[PDB]
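Coming up are structure 1 and structure 2: the same protein chain in two forms, each one given alone as structure tokens.
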Structure 1
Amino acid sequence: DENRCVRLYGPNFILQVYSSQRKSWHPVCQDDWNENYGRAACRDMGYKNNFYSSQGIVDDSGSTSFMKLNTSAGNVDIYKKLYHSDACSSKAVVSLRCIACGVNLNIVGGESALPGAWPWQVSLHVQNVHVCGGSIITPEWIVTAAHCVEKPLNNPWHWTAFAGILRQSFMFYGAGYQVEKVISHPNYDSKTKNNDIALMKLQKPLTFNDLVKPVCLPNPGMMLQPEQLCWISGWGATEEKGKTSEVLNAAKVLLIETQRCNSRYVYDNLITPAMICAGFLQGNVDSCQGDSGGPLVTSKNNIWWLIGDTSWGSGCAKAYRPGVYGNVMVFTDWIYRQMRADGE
């Protein structure tokens, strides 16, 4: 089954369709575009009746060839009625937001977070005790780390997620959401964490208020700076080997280039293309133990994107040891596959 033949590109959510004739992705044209076609495209990506809006935007990508729509066709697929074209009647392409995400109301050495600042933050408990966190990306799905749900914890009935709550003493049974499924990455290597990402599904979909909201996943072609201004949060130990924090802290870290994070005085080429370091080589800010899987978000275009998820580290209050996170950008396709293949 191969059905990831449509995608959104970059911060503007430029809908694209794949053409084997040119073996390239071409943005769709806005002329004669049905909005129900946009709804269908959103469903074909794994969105349970989640559709925000479609609008025409002058192409913000770098494609000279487009995909015009044949309105004389009928009862065919999206790729069947789209034909290659080098221009648009209206100088605008299709922009497709398939969900309302990325809006928020606005850890060692990280100031406490206010309610509504990081609504996607999740605290996952195993035995009424917080093990690690995740990220709300959909009323049902959560993005976390694979090393969190290693055996014996790979069964879905151990876990209960507490989203919308910032206090760990107010996370009582009957406040969280039982997890239906836990879908770790098949290519997760425990010895050397490479594809350390995992999912979680809830029996009861989350209701989104100012306190609870999703975080946009990174579409392809997200031009991020070599040192982009990111944010982290979680209930980790504020002191090396300290106890779990009662309150949800936040910190302002900066992405570190992979070419620099693999030097000899650093993790020494241990970082694979599936991982992204963040933090400071000087130190004083990192995601310590207890906030694994936690969000690493970045703001761009008024949207917070799940850049990565906490994976591992060699120490928190240390220099030349930035936090290492999974590259959610790499895993977005697998995430979409697992979200589509729900039920079958």
Structure 2
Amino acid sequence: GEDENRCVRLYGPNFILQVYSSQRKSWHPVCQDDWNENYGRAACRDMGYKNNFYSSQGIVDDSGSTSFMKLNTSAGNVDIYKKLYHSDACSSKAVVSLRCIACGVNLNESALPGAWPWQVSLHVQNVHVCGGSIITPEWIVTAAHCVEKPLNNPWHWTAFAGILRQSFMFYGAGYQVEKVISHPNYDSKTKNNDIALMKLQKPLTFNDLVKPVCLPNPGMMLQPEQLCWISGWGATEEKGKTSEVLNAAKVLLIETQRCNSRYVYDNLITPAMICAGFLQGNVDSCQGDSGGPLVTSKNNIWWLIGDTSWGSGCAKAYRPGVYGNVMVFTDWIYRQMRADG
């Protein structure tokens, strides 16, 4: 009962802790009574975050559902999720909110230092090949086509964080990647499920210039056309190369029913893919921004939407770019972090 009756999930933009109820086949929140920091740490560790704990507090219930996995005290030194049991309603009038890692905060054309602390550059043979996105001190998200077949040893890659100038990414100064994990479903032709995990050999030290980017929690309600941003080293000019500077471009999401139209991609886009162009063109991703982060701001937190997959003109819009859906893979990401622990 470890692939069901022991699964916890944070929910919503407010980080509402939940526990699965096999008896009723549902996700339920947890009442705040009897709860302390220790059970918050246990719920974080179970979720693959290991020792990362940020804050837990009670928040007035807003989802509206009337049911709770109430905790026990006299059960003994047993599994934490051996205790959580159902109840009609607690008297504390508060549900638990649990943040396992501080993320999604940045300092307030080219991008200034500390504006995208979660951006990294990946160096195969001293040359910028793919970007990335920090999610924890020792895990970076990128694409599967970056690390496929010929290039798949962790000994080929190296990461640079907090440095803005490609000229300033010296040899022997990056972070060595100690493992490369590609999604098993990844299909080299359709590039479906194009996401890879690249575990660094040493943890990243977080400061004003280096910081994580939060993962998409379930139930985010992305509006039809958000206002995202795209970052990475590329070339705004076509027929270009890896830009000397890190840039950033406002991009607008595109509905999958429009991006799969026959003027755009005629069903090329699968459920695990996301489009984000910009009307009037003049802005999109580009080479060297493949494997880079697409992020948005909702409820005061920078969220990770996806990572770059492919395009057909790259600032020649009416053929916009495509990114993988981080939300869909988040459970596999959690599993991979959990097993490695």
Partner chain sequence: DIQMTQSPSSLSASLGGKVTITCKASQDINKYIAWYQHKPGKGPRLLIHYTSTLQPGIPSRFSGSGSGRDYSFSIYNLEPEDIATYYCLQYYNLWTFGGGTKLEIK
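For residue numbers, the reference is structure 1: its sequence is counted from 1. Think of the rigid core as the biggest set of C-alphas that the two forms share within 1.5 Å after superposition.
*Eyeball the pair and call it: which is the form deposited with its partner chain bound?*
Pick structure 1; the other is not the form deposited with its partner chain bound.
*Would you mind telling me which residue of 78, 100, 250, 211 shifts its Cα by 2 Å or more between the two structures when the core is superposed?*
So the residue whose C-alpha moves 2 Å or more is 78.
*Quick one: once the rigid core is lined up, does residue 37 have its C-alpha move by 2 Å or more between the two structures?*
No, the C-alpha position differs by under 2 Å between the two structures.
*Superposing on the rigid core, is the CA of residue 281 displaced by 2 Å or more between the two structures?*
Yes, residue 281 moves 2 Å or more.
*Is the C-alpha displacement of residue 63 equal to or greater than 2 Å between the two structures once the rigid core has been superposed?*
Comparing forms between the two structures, the residue 63 CA shifts at least 2 Å.
*If the rigid core is lined up, how many Å does the C-alpha atom of residue 120 shift between the two structures?*
Its C-alpha shift, to one decimal, is 0.2 Å.
*Where the rigid core has been superposed, how far does the Cα of residue 241 end up moving between the two structures, given in Å?*
So the C-alpha of this residue moves 3.0 Å.
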